[PDB]
Every structure is written in C-alpha cells, then in structure tokens.
$ cat target35.csv   # CSV, C-alpha atoms and all ligand atoms
chain,number,residue,atom,x,y,z
A,1004,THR,CA,56.2,128.7,68.5
A,1005,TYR,CA,59.9,128.2,69.4
A,1006,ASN,CA,61.4,131.6,69.9
A,1007,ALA,CA,63.7,133.3,72.4
A,1008,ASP,CA,61.0,133.2,75.1
A,1009,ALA,CA,61.4,129.4,75.0
A,1010,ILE,CA,64.9,129.6,76.5
A,1011,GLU,CA,64.7,129.7,80.4
A,1012,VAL,CA,67.6,131.0,82.5
A,1013,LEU,CA,67.7,129.3,85.9
A,1014,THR,CA,69.6,131.2,88.6
A,1015,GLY,CA,70.6,130.9,92.2
A,1016,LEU,CA,69.9,127.4,93.6
A,1017,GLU,CA,67.1,126.8,91.1
A,1018,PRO,CA,69.2,124.5,88.9
A,1019,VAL,CA,69.8,122.2,91.9
A,1020,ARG,CA,66.1,122.1,92.8
A,1021,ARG,CA,65.2,121.5,89.1
A,1022,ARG,CA,67.9,119.0,88.4
A,1023,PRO,CA,68.8,117.2,91.7
A,1024,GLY,CA,70.2,114.2,90.0
A,1025,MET,CA,73.2,116.1,88.7
A,1026,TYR,CA,74.2,117.5,92.1
A,1027,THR,CA,73.7,114.7,94.6
A,1028,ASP,CA,72.9,111.1,95.2
A,1029,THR,CA,69.1,111.1,95.3
A,1030,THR,CA,68.9,107.6,96.7
A,1031,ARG,CA,69.0,109.0,100.3
A,1032,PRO,CA,70.3,112.2,102.0
A,1033,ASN,CA,73.6,110.7,103.1
A,1034,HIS,CA,75.6,112.4,100.4
A,1035,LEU,CA,74.2,115.8,101.5
A,1036,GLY,CA,75.7,114.9,104.9
A,1037,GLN,CA,79.1,114.1,103.3
A,1038,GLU,CA,79.3,117.5,101.6
A,1039,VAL,CA,79.0,119.1,105.1
A,1040,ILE,CA,81.3,116.5,106.8
A,1041,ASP,CA,83.9,117.0,104.0
A,1042,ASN,CA,84.0,120.7,104.6
A,1043,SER,CA,84.7,120.1,108.3
A,1044,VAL,CA,87.4,117.5,107.4
A,1045,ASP,CA,89.1,120.0,105.1
A,1046,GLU,CA,89.5,122.3,108.1
A,1047,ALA,CA,91.0,119.3,110.1
A,1048,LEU,CA,93.3,118.5,107.1
A,1049,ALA,CA,94.5,122.1,107.1
A,1050,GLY,CA,95.2,121.7,110.8
A,1051,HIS,CA,92.5,124.1,112.0
A,1052,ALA,CA,89.9,121.7,113.4
A,1053,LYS,CA,90.6,119.0,116.0
A,1054,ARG,CA,87.2,117.4,116.0
A,1055,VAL,CA,84.1,116.9,113.9
A,1056,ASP,CA,80.9,115.9,115.7
A,1057,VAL,CA,77.9,114.6,113.8
A,1058,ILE,CA,74.4,114.1,115.2
A,1059,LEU,CA,71.5,112.2,113.6
A,1060,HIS,CA,68.5,113.8,115.2
A,1061,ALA,CA,65.2,111.9,115.9
A,1062,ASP,CA,63.5,113.9,113.2
A,1063,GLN,CA,66.0,112.6,110.7
A,1064,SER,CA,67.8,115.9,110.4
A,1065,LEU,CA,71.6,116.0,110.5
A,1066,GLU,CA,73.9,118.3,112.4
A,1067,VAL,CA,77.6,118.6,111.7
A,1068,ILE,CA,79.8,120.6,114.1
A,1069,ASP,CA,83.6,121.4,113.8
A,1070,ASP,CA,86.0,123.5,115.7
A,1071,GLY,CA,87.8,124.9,112.7
A,1072,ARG,CA,88.2,128.6,111.6
A,1073,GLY,CA,84.5,129.0,111.0
A,1074,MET,CA,82.8,130.1,107.8
A,1075,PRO,CA,83.7,133.8,107.1
A,1076,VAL,CA,80.9,136.1,108.2
A,1077,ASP,CA,82.3,139.5,107.2
A,1078,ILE,CA,81.0,141.4,104.2
A,1079,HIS,CA,82.4,140.2,100.9
A,1080,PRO,CA,84.3,143.1,99.3
A,1081,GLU,CA,82.8,142.5,95.9
A,1082,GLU,CA,79.4,141.0,96.5
A,1083,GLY,CA,78.5,143.2,99.4
A,1084,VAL,CA,77.0,140.3,101.4
A,1085,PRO,CA,78.3,138.2,104.3
A,1086,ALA,CA,80.5,135.5,103.0
A,1087,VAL,CA,78.2,132.9,104.7
A,1088,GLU,CA,75.2,133.8,102.5
A,1089,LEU,CA,77.5,133.6,99.5
A,1090,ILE,CA,78.7,130.1,100.5
A,1091,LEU,CA,75.2,128.8,101.2
A,1092,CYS,CA,73.2,130.4,98.3
A,1093,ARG,CA,75.6,130.5,95.4
A,1094,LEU,CA,76.8,127.7,93.1
A,1095,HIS,CA,80.5,127.8,92.3
A,1096,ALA,CA,81.3,130.0,95.2
A,1097,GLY,CA,84.0,128.8,97.6
A,1098,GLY,CA,87.5,129.1,99.0
A,1099,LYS,CA,89.0,126.0,97.3
A,1100,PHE,CA,89.4,127.3,93.7
A,1101,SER,CA,93.1,127.9,94.6
A,1102,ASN,CA,95.4,126.6,97.3
A,1103,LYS,CA,95.4,129.8,99.3
A,1104,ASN,CA,92.9,128.6,102.0
A,1105,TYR,CA,93.6,124.8,102.0
A,1106,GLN,CA,96.6,122.9,100.6
A,1107,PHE,CA,94.8,119.5,100.3
A,1108,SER,CA,91.0,119.6,100.3
A,1109,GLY,CA,88.2,117.3,99.3
A,1110,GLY,CA,86.3,120.3,98.2
A,1111,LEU,CA,86.9,122.1,94.9
A,1112,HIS,CA,83.6,122.9,93.2
A,1113,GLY,CA,82.2,125.6,95.4
A,1114,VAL,CA,78.9,123.7,95.2
A,1115,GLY,CA,78.5,121.3,98.1
A,1116,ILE,CA,77.0,123.2,101.0
A,1117,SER,CA,74.9,125.2,98.5
A,1118,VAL,CA,73.4,121.9,97.3
A,1119,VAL,CA,72.6,120.9,100.9
A,1120,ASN,CA,70.8,124.3,101.2
A,1121,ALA,CA,68.9,123.9,97.9
A,1122,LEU,CA,67.6,120.4,98.9
A,1123,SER,CA,66.7,121.1,102.5
A,1124,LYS,CA,63.4,122.2,104.0
A,1125,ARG,CA,65.6,124.1,106.5
A,1126,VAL,CA,69.2,124.9,107.2
A,1127,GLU,CA,70.6,126.6,110.3
A,1128,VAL,CA,74.2,127.7,110.4
A,1129,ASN,CA,76.1,128.8,113.4
A,1130,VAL,CA,79.6,130.4,113.4
A,1131,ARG,CA,82.0,131.1,116.3
A,1132,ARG,CA,84.5,133.8,115.5
A,1133,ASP,CA,86.0,136.9,117.2
A,1134,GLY,CA,84.5,135.8,120.5
A,1135,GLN,CA,81.1,136.0,119.0
A,1136,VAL,CA,78.4,133.6,117.8
A,1137,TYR,CA,76.6,134.2,114.6
A,1138,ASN,CA,73.4,132.6,113.2
A,1139,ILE,CA,71.7,132.6,109.8
A,1140,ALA,CA,69.0,130.3,108.5
A,1141,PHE,CA,67.4,129.1,105.2
A,1142,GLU,CA,64.3,127.2,104.1
A,1143,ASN,CA,63.9,125.6,100.7
A,1144,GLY,CA,67.1,127.2,99.7
A,1145,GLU,CA,65.9,130.7,100.6
A,1146,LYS,CA,67.2,132.8,103.4
A,1147,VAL,CA,64.5,133.4,106.1
A,1148,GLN,CA,66.8,134.7,108.8
A,1149,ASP,CA,69.5,137.4,108.3
A,1150,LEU,CA,73.0,136.9,109.8
A,1151,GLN,CA,72.7,137.9,113.5
A,1152,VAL,CA,74.8,137.9,116.6
A,1153,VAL,CA,73.4,135.5,119.1
A,1154,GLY,CA,76.0,135.8,121.9
A,1155,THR,CA,79.6,135.7,123.0
A,1156,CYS,CA,82.0,132.7,123.5
A,1157,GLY,CA,85.7,132.4,124.3
A,1158,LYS,CA,87.9,134.2,121.8
A,1159,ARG,CA,89.8,131.0,121.1
A,1160,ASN,CA,86.6,129.1,120.5
A,1161,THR,CA,86.0,129.1,116.7
A,1162,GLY,CA,84.1,126.8,114.4
A,1163,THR,CA,81.1,126.0,112.3
A,1164,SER,CA,77.8,124.2,112.9
A,1165,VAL,CA,75.5,123.2,110.2
A,1166,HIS,CA,72.1,121.6,110.9
A,1167,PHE,CA,69.9,120.7,107.9
A,1168,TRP,CA,66.5,119.0,107.4
A,1169,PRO,CA,66.5,117.2,104.0
A,1170,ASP,CA,63.5,117.8,101.8
A,1171,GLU,CA,62.1,114.2,101.3
A,1172,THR,CA,60.6,115.3,98.0
A,1173,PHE,CA,64.0,114.9,96.4
A,1174,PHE,CA,65.1,111.5,97.6
A,1175,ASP,CA,64.0,107.8,97.2
A,1176,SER,CA,64.1,107.6,101.0
A,1177,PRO,CA,64.4,110.5,103.5
A,1178,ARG,CA,66.1,108.2,106.0
A,1179,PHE,CA,69.8,108.5,106.6
A,1180,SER,CA,71.7,105.3,106.2
A,1181,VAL,CA,73.3,104.8,109.6
A,1182,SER,CA,75.9,102.1,108.5
A,1183,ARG,CA,77.0,104.3,105.6
A,1184,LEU,CA,77.3,107.3,107.9
A,1185,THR,CA,79.5,105.5,110.5
A,1186,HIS,CA,81.6,103.9,107.7
A,1187,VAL,CA,82.3,107.3,106.2
A,1188,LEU,CA,83.1,108.9,109.6
A,1189,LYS,CA,85.4,106.1,110.9
A,1190,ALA,CA,87.3,106.4,107.7
A,1191,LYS,CA,87.9,110.2,108.3
A,1192,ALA,CA,89.4,109.4,111.7
A,1193,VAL,CA,91.6,106.7,110.0
A,1194,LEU,CA,92.7,109.0,107.2
A,1195,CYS,CA,93.3,112.2,109.2
A,1196,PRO,CA,95.4,110.9,112.2
A,1197,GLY,CA,94.6,112.7,115.5
A,1198,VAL,CA,91.3,114.3,114.5
A,1199,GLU,CA,88.5,113.2,116.8
A,1200,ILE,CA,85.3,112.1,115.0
A,1201,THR,CA,82.0,111.5,116.8
A,1202,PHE,CA,78.6,110.3,115.8
A,1203,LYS,CA,75.6,110.5,118.1
A,1204,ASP,CA,72.5,108.7,116.8
A,1205,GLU,CA,69.4,109.9,118.6
A,1206,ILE,CA,67.1,107.7,116.5
A,1207,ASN,CA,68.7,104.5,117.7
A,1208,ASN,CA,70.2,106.0,120.9
A,1209,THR,CA,73.9,105.3,120.4
A,1210,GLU,CA,77.1,107.3,120.4
A,1211,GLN,CA,80.5,106.4,119.0
A,1212,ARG,CA,83.9,108.1,118.8
A,1213,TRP,CA,86.9,107.4,116.5
A,1214,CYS,CA,90.4,108.7,116.8
A,1215,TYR,CA,93.5,106.9,115.4
A,1216,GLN,CA,97.1,108.0,115.6
A,1217,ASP,CA,98.3,105.3,113.3
A,1218,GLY,CA,95.6,104.3,110.9
A,1219,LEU,CA,95.8,102.5,107.5
A,1220,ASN,CA,97.6,99.3,108.4
A,1221,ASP,CA,95.3,98.3,111.3
A,1222,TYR,CA,92.2,99.5,109.3
A,1223,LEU,CA,92.9,96.9,106.6
A,1224,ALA,CA,94.3,94.2,108.9
A,1225,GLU,CA,91.2,94.3,111.1
A,1226,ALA,CA,88.9,94.2,108.1
A,1227,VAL,CA,90.4,90.9,106.9
A,1228,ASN,CA,91.2,89.5,110.3
A,1229,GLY,CA,90.4,85.8,110.6
A,1230,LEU,CA,91.0,85.3,106.9
A,1231,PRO,CA,94.1,83.7,105.3
A,1232,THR,CA,96.2,86.4,103.7
A,1233,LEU,CA,99.4,86.9,101.7
A,1234,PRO,CA,101.6,88.3,102.9
A,1235,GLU,CA,100.8,87.7,106.6
A,1236,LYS,CA,100.5,91.4,107.3
A,1237,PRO,CA,99.7,94.1,104.8
A,1238,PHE,CA,102.3,95.5,102.4
A,1239,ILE,CA,102.3,99.3,103.1
A,1240,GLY,CA,104.0,102.3,101.5
A,1241,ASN,CA,103.9,106.0,101.1
A,1242,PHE,CA,105.4,109.1,99.5
A,1243,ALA,CA,104.8,112.7,100.3
A,1244,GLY,CA,105.7,115.8,98.2
A,1245,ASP,CA,104.6,119.4,98.3
A,1246,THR,CA,101.7,119.0,95.8
A,1247,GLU,CA,101.0,115.3,96.1
A,1248,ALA,CA,101.2,112.3,98.4
A,1249,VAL,CA,100.1,108.7,98.4
A,1250,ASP,CA,99.6,106.2,101.2
A,1251,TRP,CA,98.4,102.6,101.1
A,1252,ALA,CA,98.0,99.2,102.8
A,1253,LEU,CA,97.3,96.1,100.9
A,1254,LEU,CA,97.5,92.3,100.7
A,1255,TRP,CA,95.9,89.4,98.9
A,1256,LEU,CA,93.2,86.8,99.8
A,1257,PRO,CA,93.9,84.0,97.3
A,1258,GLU,CA,92.0,81.4,99.4
A,1259,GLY,CA,88.8,83.4,99.2
A,1260,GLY,CA,87.1,85.9,101.5
A,1261,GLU,CA,85.5,89.3,101.5
A,1262,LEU,CA,87.8,91.9,99.9
A,1263,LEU,CA,88.1,95.4,101.3
A,1264,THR,CA,88.7,97.8,98.4
A,1265,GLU,CA,88.6,101.5,99.3
A,1266,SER,CA,90.3,104.5,97.6
A,1267,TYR,CA,90.3,108.2,98.6
A,1268,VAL,CA,91.4,111.5,97.3
A,1269,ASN,CA,91.9,114.3,99.9
A,1270,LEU,CA,89.8,112.0,102.1
A,1271,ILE,CA,86.9,112.0,99.6
A,1272,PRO,CA,85.8,108.4,99.1
A,1273,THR,CA,86.0,107.5,95.4
A,1274,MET,CA,83.6,104.6,95.3
A,1275,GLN,CA,84.2,104.2,91.6
A,1276,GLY,CA,88.0,104.5,91.8
A,1277,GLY,CA,89.7,106.3,89.0
A,1278,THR,CA,93.2,107.2,87.8
A,1279,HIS,CA,94.8,106.8,91.2
A,1280,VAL,CA,93.4,103.2,91.5
A,1281,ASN,CA,94.5,102.5,87.9
A,1282,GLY,CA,97.9,103.6,89.0
A,1283,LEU,CA,98.0,101.3,92.0
A,1284,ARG,CA,96.9,98.4,89.9
A,1285,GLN,CA,99.5,99.0,87.1
A,1286,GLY,CA,102.3,99.6,89.6
A,1287,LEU,CA,101.6,96.2,91.3
A,1288,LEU,CA,101.5,94.5,87.9
A,1289,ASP,CA,104.7,96.1,86.6
A,1290,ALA,CA,106.6,95.1,89.8
A,1291,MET,CA,105.4,91.5,89.8
A,1292,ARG,CA,106.2,91.2,86.1
A,1293,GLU,CA,109.8,92.4,86.8
A,1294,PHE,CA,110.2,90.0,89.7
A,1295,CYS,CA,109.0,87.0,87.7
A,1296,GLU,CA,110.9,87.9,84.6
A,1297,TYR,CA,114.2,88.4,86.5
A,1298,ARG,CA,113.9,85.3,88.6
A,1299,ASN,CA,112.9,83.5,85.4
A,1300,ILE,CA,110.0,81.8,87.1
A,1301,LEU,CA,107.5,82.8,84.4
A,1302,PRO,CA,106.6,79.7,82.3
A,1303,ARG,CA,107.0,79.9,78.6
A,1304,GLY,CA,103.8,81.2,77.0
A,1305,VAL,CA,102.5,82.6,80.2
A,1306,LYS,CA,102.0,86.4,80.4
A,1307,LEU,CA,100.7,88.1,83.6
A,1308,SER,CA,97.7,90.5,83.2
A,1309,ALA,CA,96.3,93.0,85.6
A,1310,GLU,CA,93.7,90.6,86.8
A,1311,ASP,CA,96.3,88.1,88.0
A,1312,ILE,CA,97.4,90.5,90.8
A,1313,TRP,CA,94.2,92.5,91.2
A,1314,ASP,CA,91.4,89.9,91.4
A,1315,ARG,CA,92.1,89.0,95.1
A,1316,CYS,CA,93.8,92.3,96.2
A,1317,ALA,CA,92.3,93.9,99.3
A,1318,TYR,CA,93.5,97.5,99.7
A,1319,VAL,CA,93.0,101.0,101.2
A,1320,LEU,CA,94.5,103.8,99.0
A,1321,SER,CA,94.7,107.4,100.2
A,1322,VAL,CA,96.0,110.1,97.8
A,1323,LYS,CA,96.6,113.8,98.4
A,1324,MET,CA,96.5,116.2,95.5
A,1325,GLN,CA,96.8,120.0,95.4
A,1326,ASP,CA,94.4,120.1,92.5
A,1327,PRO,CA,92.3,117.0,91.9
A,1328,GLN,CA,89.7,116.5,89.1
A,1329,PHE,CA,86.6,114.5,89.8
A,1330,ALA,CA,84.0,113.2,87.2
A,1331,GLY,CA,81.0,114.6,89.1
A,1332,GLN,CA,79.8,116.5,92.1
A,1333,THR,CA,79.4,113.2,93.9
A,1334,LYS,CA,83.1,112.6,93.3
A,1335,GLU,CA,82.9,108.8,92.8
A,1336,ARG,CA,85.7,108.9,90.4
A,1337,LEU,CA,89.0,110.7,90.0
A,1338,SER,CA,89.7,111.6,86.4
A,1339,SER,CA,93.0,113.4,86.9
A,1340,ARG,CA,95.1,112.0,84.1
A,1341,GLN,CA,98.6,112.4,85.7
A,1342,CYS,CA,97.7,110.7,89.0
A,1343,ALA,CA,97.9,107.3,87.4
A,1344,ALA,CA,101.6,107.6,86.5
A,1345,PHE,CA,102.3,109.2,89.9
A,1346,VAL,CA,100.8,106.3,91.9
A,1347,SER,CA,102.0,103.7,89.5
A,1348,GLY,CA,105.6,104.9,89.8
A,1349,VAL,CA,105.7,105.0,93.6
A,1350,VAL,CA,103.9,101.7,94.0
A,1351,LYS,CA,106.0,99.8,91.4
A,1352,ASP,CA,109.2,101.0,93.0
A,1353,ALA,CA,108.1,100.2,96.5
A,1354,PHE,CA,106.7,96.8,95.6
A,1355,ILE,CA,109.7,95.6,93.6
A,1356,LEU,CA,112.1,96.6,96.4
A,1357,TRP,CA,109.8,94.9,99.0
A,1358,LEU,CA,109.6,91.8,96.8
A,1359,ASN,CA,113.4,91.6,96.5
A,1360,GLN,CA,113.9,91.8,100.2
A,1361,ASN,CA,111.1,89.4,101.1
A,1362,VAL,CA,111.9,86.5,98.7
A,1363,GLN,CA,109.9,83.9,100.5
A,1364,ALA,CA,106.6,85.8,100.6
A,1365,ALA,CA,107.4,87.2,97.1
A,1366,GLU,CA,107.7,83.7,95.5
A,1367,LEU,CA,104.3,82.8,97.1
A,1368,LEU,CA,102.8,85.9,95.6
A,1369,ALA,CA,104.4,85.1,92.2
A,1370,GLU,CA,103.0,81.6,92.3
A,1371,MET,CA,99.6,83.1,93.1
A,1372,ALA,CA,99.8,85.4,90.0
A,1373,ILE,CA,101.2,82.8,87.7
A,1374,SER,CA,98.7,80.1,88.6
A,1375,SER,CA,96.0,82.7,88.1
A,1376,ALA,CA,97.3,83.3,84.6
A,1377,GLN,CA,97.3,79.6,83.7
A,1378,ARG,CA,93.8,79.2,85.2
A,1379,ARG,CA,92.7,82.1,83.0
A,1380,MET,CA,94.5,80.6,80.0
A,1381,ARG,CA,93.0,77.1,80.4
A,1382,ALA,CA,89.6,78.9,80.7
A,1383,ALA,CA,89.9,80.6,77.4
B,1,LIG,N1,82.8,124.0,108.1
B,1,LIG,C1,83.5,125.0,107.3
B,1,LIG,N2,84.5,125.7,107.9
B,1,LIG,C2,85.2,126.8,107.3
B,1,LIG,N3,84.9,127.1,106.0
B,1,LIG,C3,83.8,126.5,105.4
B,1,LIG,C4,83.1,125.3,106.0
B,1,LIG,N4,82.1,124.9,105.2
B,1,LIG,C5,82.3,125.6,104.0
B,1,LIG,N5,83.3,126.6,104.2
B,1,LIG,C6,83.7,127.4,103.0
B,1,LIG,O1,82.7,127.8,102.1
B,1,LIG,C7,83.2,127.4,100.8
B,1,LIG,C8,82.1,126.9,100.0
B,1,LIG,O2,81.6,125.5,100.4
B,1,LIG,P1,81.1,124.6,99.3
B,1,LIG,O3,79.9,125.2,98.5
B,1,LIG,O4,80.7,123.3,99.9
B,1,LIG,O5,82.3,124.4,98.2
B,1,LIG,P2,83.5,123.3,98.4
B,1,LIG,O6,84.3,123.6,99.6
B,1,LIG,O7,84.4,123.7,97.1
B,1,LIG,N6,83.1,121.8,98.3
B,1,LIG,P3,82.5,120.9,97.0
B,1,LIG,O8,81.7,121.8,96.2
B,1,LIG,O9,81.8,119.7,97.5
B,1,LIG,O10,83.7,120.5,96.1
B,1,LIG,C9,84.3,126.3,101.1
B,1,LIG,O11,85.2,126.2,99.9
B,1,LIG,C10,85.0,127.0,102.3
B,1,LIG,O12,85.8,128.1,101.9
B,2,MG,MG,78.8,127.4,97.4

$ encode --input "target35.csv" --output "structure tokens"
Amino acid sequence: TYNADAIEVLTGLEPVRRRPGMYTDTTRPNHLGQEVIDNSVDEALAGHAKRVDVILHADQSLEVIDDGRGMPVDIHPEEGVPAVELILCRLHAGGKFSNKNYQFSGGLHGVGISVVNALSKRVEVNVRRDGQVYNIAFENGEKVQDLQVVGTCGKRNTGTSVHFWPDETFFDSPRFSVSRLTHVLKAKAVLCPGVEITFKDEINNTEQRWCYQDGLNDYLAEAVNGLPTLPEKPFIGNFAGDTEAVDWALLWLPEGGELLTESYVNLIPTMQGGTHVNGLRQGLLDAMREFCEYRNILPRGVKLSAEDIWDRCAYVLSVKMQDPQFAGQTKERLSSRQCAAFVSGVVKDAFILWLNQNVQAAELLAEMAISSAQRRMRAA
C-alpha cells in the first residue's frame, strides 16, 4: 500500500543524520570545524572577538574557542528554552537572518553548528557571560547535560568554546586534514586584520599563530614568490560601502608556475567561485579590451576573450555583503546575481585607470593577452 502512513516527517536534527550529504562535506570532518570557526570569525568581523583558538586533540576531536560576546544563554522569550539549546538543536535557528546582530557574516542559514551537533558523538559548549561560566552538552545530537553554571570568571571575560567529537560513521575518513585546517585558519588572519588566530595540533605536537595588520598583498606575493610575474608586484584594489565591499590582489604568471586562485565572501572560502569571481573576470576583460582598443594595438581580426586575461591570473578576492546567497550549506559557490555587476564595475574602473598610469607594464599585459588570443585562434 502507498497511503498517508507512507509519508515520514523528520524533525529536529534527524534530517541531518538521515541526509548528511546535503548538510556537510562527508569526505572528512574539516567542514564541521569550519562551521564552528566561521561563527567565531563572525564575532571577530563584528569587532567583538580579538582571537580564535583552535585545538586538534589527540583523539581527533576539535575545539574552537573565541573571546566574542558568547552564545546567548538566557531563556528565549518564545521558545522557552535557553538560546544555546535552540542554536545547537534546531535547524534554521540563528542570529544572522537579518543584519541586527552582525553586519557582514559568513553565517546566514541558522544551520551550521546544529549540523556539527547532529554529526558528533559528543559536543560540549562553554559560554562566558555576566561574570559566569555556563556548560551544556550533547551526544549524537541529543542533549545529555542541561545548561548549568560551572563557575565565575572576570566580568569582561566573555566568549564561547565548542568542543566536538565527530561521528566517524558519517565520513569517508574521521581524520581532520591538518593542511586544510591551517590553510583555512591562516586565511582568516589575513582577511580579518588584527584578529589573532592560533592552531594547536596535539596529534603532531605543533603550535602556530597568525596575525596580520596588512594582509592581502603579501599573502599573494609570498605565494608566487620566486616565480616570474606581471606586473612585478600584485595589482591591488578595493571599495567599501555600507552594504558591500570588495578587496583584491592579483597578477599574472605568463611564463608558467603554480597559480593561487582564492575567493571569499564574508570570509567564507568559496572554492567553486561564483558571481563575485565572474565579476572580477569580466571587469579585467572589459578594462583590457578598452586599453587595447583605444591604443589601437589590437590586430585586425583579433578579439580578446575572458580566457586571454584569466588563464594565467593568480588572485585573492575578498568580498563583503550584507545579505549573500550561497548555492549550498557548504557555501562553495556564491549565487548572488547582483554581485557580478558590483565587482565587475569596481574592478574594470580600477584596472583601466591603473593601466593608463602604468603604460609600460600595461603594454606587456596587453601583449600577453593578444598573443594568447592569436595562440587560441591558430589552435582552432
Ligand atoms: N561562537 C559564537 N559566538 C556568539 N554567537 C554564536 C557563536 N556560534 C553561534 N552563535 C549564534 O548562534 C546562531 C546559530 O548558529 P548556526 O546554527 O551555525 O547558524 P549560522 O550562524 O547562520 N551559520 P550557517 O548556518 O553556517 O550559515 C548564530 O547565527 C549566532 O547568532
Ligand atoms: Mg542552528
């Protein structure tokens, strides 16, 4: 039979435990770690947290500590439960559905930490607020320890600590990728100037710390250091408005070499790019086309295409949006339609102006793009 009883209604964290693939990267637990790290970074971005400490424990569990405002522990006026339980056990429950708690945040779904909870054998949360320390714990997504006061601390000492033990049953490998972890963490320090980021690995017995006042430029430069580039130092630019901002560092490696191509939205690494990256690409192409067309150095029958200025472009792109739109909980791609035009406009304007005031380096770049077009033409 196929009647009403055939329809099942999953509630709480059950959908995450039943369909893990839709909520996280099941390759390894690193992404679970990023959900937690992102939440701490959002506090730093809002200017509340000054540091985020991450610890990979010998038992392969992960602990993330921040000195932000701390997760709210008071009773929710409508749900009648401490905000903390709500945040940990309910999907689509969070403080980033508006811009009242954070102006620019990587979080927006009200799902992250609850996914960490659903896929962990155990989760311990500690909050420091009002000169008091609170504790609450879960196992397999279910609360096993009610919110309780575990002591006193300085009134000015506030923050959140999350320690979780991933359930190996949901991942290809239960081991945390160390290189991925440090790559993600260093980037946070680069993208949020002044915030101190630390990573203590107790499996391999190491400890690192990252804190950069400048950031972008050196990050790209060092990544390509020792490789011929054009121009000699990265082309950088930025624009900041109330609801949006864009920052970048880029250059080309025409003679070959490993390219660095990273894009971010509210410090969330968008590994699959998206509309913001499309904008950067289009802007660079529009400006180069203008330079070539005006200087009349474009051979008859030769038309530049995106590939001609993108193929060997190494770049780091960091965008801020009051209300981004990602294609999935993993946030690998930004699908926010208007961000393409936004980035494109800023980049084209900055690049054409830079080109016009750096004629020598510009002509070399132009030659690089044109020869690429002819190479591509002869190929077809
Ligand atoms: N370390 C923290 N400090 C202060 N508040 C926090 C912290 N972690 C979580 N919260 C809050 O709890 C809410 C729910 O977290 P979460 O379920 O991860 O949703 P999210 O922030 O929208 N992220 P995401 O689902 O990945 O887009 C957040 O929106 C914050 O209001
Ligand atoms: Mg939630």

$ atom_distance --input "target35.csv" --atom1 "atom CA of residue A:1379" --atom2 "atom CA of residue A:1312"
12.4 Å

$ atom_distance --input "target35.csv" --atom1 "atom CA of residue A:1309" --atom2 "atom CA of residue A:1288"
5.9 Å

$ atom_distance --input "target35.csv" --atom1 "atom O12 of ligand LIG 1 (chain B)" --atom2 "atom CA of residue A:1182"
28.6 Å

$ residues_around --input "target35.csv" --residues "residue A:1217" --least-positions-apart "4" --cutoff "9 Å" --atoms "all atoms listed in the file" --output "mmCIF file with C-alpha atoms, in the frame of the given file"
data_model
loop_
_atom_site.group_PDB
_atom_site.id
_atom_site.type_symbol
_atom_site.label_atom_id
_atom_site.label_comp_id
_atom_site.auth_asym_id
_atom_site.auth_seq_id
_atom_site.Cartn_x
_atom_site.Cartn_y
_atom_site.Cartn_z
ATOM 1 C CA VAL A 1193 91.600 106.700 110.000
ATOM 2 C CA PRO A 1196 95.400 110.900 112.200
ATOM 3 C CA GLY A 1197 94.600 112.700 115.500
ATOM 4 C CA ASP A 1221 95.300 98.300 111.300
#

$ closest_atom_pairs --input "target35.csv" --of "chain A" --to "ligand LIG 1 (chain B)" --cutoff "9 Å" --atoms "only C-alpha atoms and all ligand atoms" --output "tab-separated table"
residue	atom	partner	partner_atom	distance
A:1037	CA	B:LIG1	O9	8.5
A:1038	CA	B:LIG1	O9	5.3
A:1039	CA	B:LIG1	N4	6.6
A:1040	CA	B:LIG1	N1	7.8
A:1041	CA	B:LIG1	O9	7.3
A:1042	CA	B:LIG1	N4	4.6
A:1043	CA	B:LIG1	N1	4.3
A:1044	CA	B:LIG1	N1	8.0
A:1045	CA	B:LIG1	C1	7.8
A:1046	CA	B:LIG1	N2	6.0
A:1052	CA	B:LIG1	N2	8.7
A:1067	CA	B:LIG1	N1	8.3
A:1068	CA	B:LIG1	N1	7.5
A:1069	CA	B:LIG1	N1	6.3
A:1070	CA	B:LIG1	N2	8.2
A:1071	CA	B:LIG1	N2	5.9
A:1072	CA	B:LIG1	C2	5.5
A:1073	CA	B:LIG1	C2	4.4
A:1074	CA	B:LIG1	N3	4.1
A:1075	CA	B:LIG1	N3	6.9
A:1086	CA	B:LIG1	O1	8.1
A:1087	CA	B:LIG1	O1	7.3
A:1089	CA	B:LIG1	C8	8.1
A:1090	CA	B:LIG1	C8	4.7
A:1091	CA	B:LIG1	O3	6.5
A:1092	CA	B:LIG1	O3	8.5
A:1093	CA	B:LIG1	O3	7.5
A:1094	CA	B:LIG1	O3	6.7
A:1095	CA	B:LIG1	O3	6.7
A:1096	CA	B:LIG1	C8	5.8
A:1097	CA	B:LIG1	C7	3.6
A:1098	CA	B:LIG1	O12	3.5
A:1099	CA	B:LIG1	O11	4.6
A:1100	CA	B:LIG1	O7	7.0
A:1104	CA	B:LIG1	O12	7.1
A:1105	CA	B:LIG1	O12	8.5
A:1108	CA	B:LIG1	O6	7.8
A:1109	CA	B:LIG1	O10	6.4
A:1110	CA	B:LIG1	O10	3.3
A:1111	CA	B:LIG1	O7	3.7
A:1112	CA	B:LIG1	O8	3.7
A:1113	CA	B:LIG1	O5	3.0
A:1114	CA	B:LIG1	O8	3.5
A:1115	CA	B:LIG1	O4	3.5
A:1116	CA	B:LIG1	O4	3.9
A:1117	CA	B:LIG1	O3	5.0
A:1118	CA	B:LIG1	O3	7.4
A:1119	CA	B:LIG1	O4	8.5
A:1130	CA	B:LIG1	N2	8.7
A:1162	CA	B:LIG1	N2	6.6
A:1163	CA	B:LIG1	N1	5.0
A:1164	CA	B:LIG1	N1	6.9
A:1165	CA	B:LIG1	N1	7.6
A:1332	CA	B:LIG1	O9	6.6
A:1333	CA	B:LIG1	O9	7.8
A:1334	CA	B:LIG1	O9	8.4

$ residues_around --input "target35.csv" --residues "stretch 1240-1256 of chain A" --least-positions-apart "6" --cutoff "9 Å" --atoms "only C-alpha atoms" --output "ChimeraX atom specification"
/A:1106-1107,1219-1224,1227,1230-1234,1262,1312-1326,1345-1346,1349-1350,1353-1354,1368

$ residues_near_point --input "target35.csv" --point "(73.0, 129.4, 124.1)" --cutoff "12 Å" --atoms "all atoms listed in the file" --output "count of residues only"
10

$ residues_around --input "target35.csv" --residues "residue A:1195" --least-positions-apart "4" --cutoff "9 Å" --atoms "all atoms listed in the file" --output "PyMOL selection string"
chain A and resi 1044+1047-1048+1190-1191+1214-1216+1218+1270

$ closest_residue --input "target35.csv" --among "A:1058, A:1121, A:1364, A:1025" --to "ligand MG 2 (chain B)" --atoms "only C-alpha atoms and all ligand atoms"
A:1121
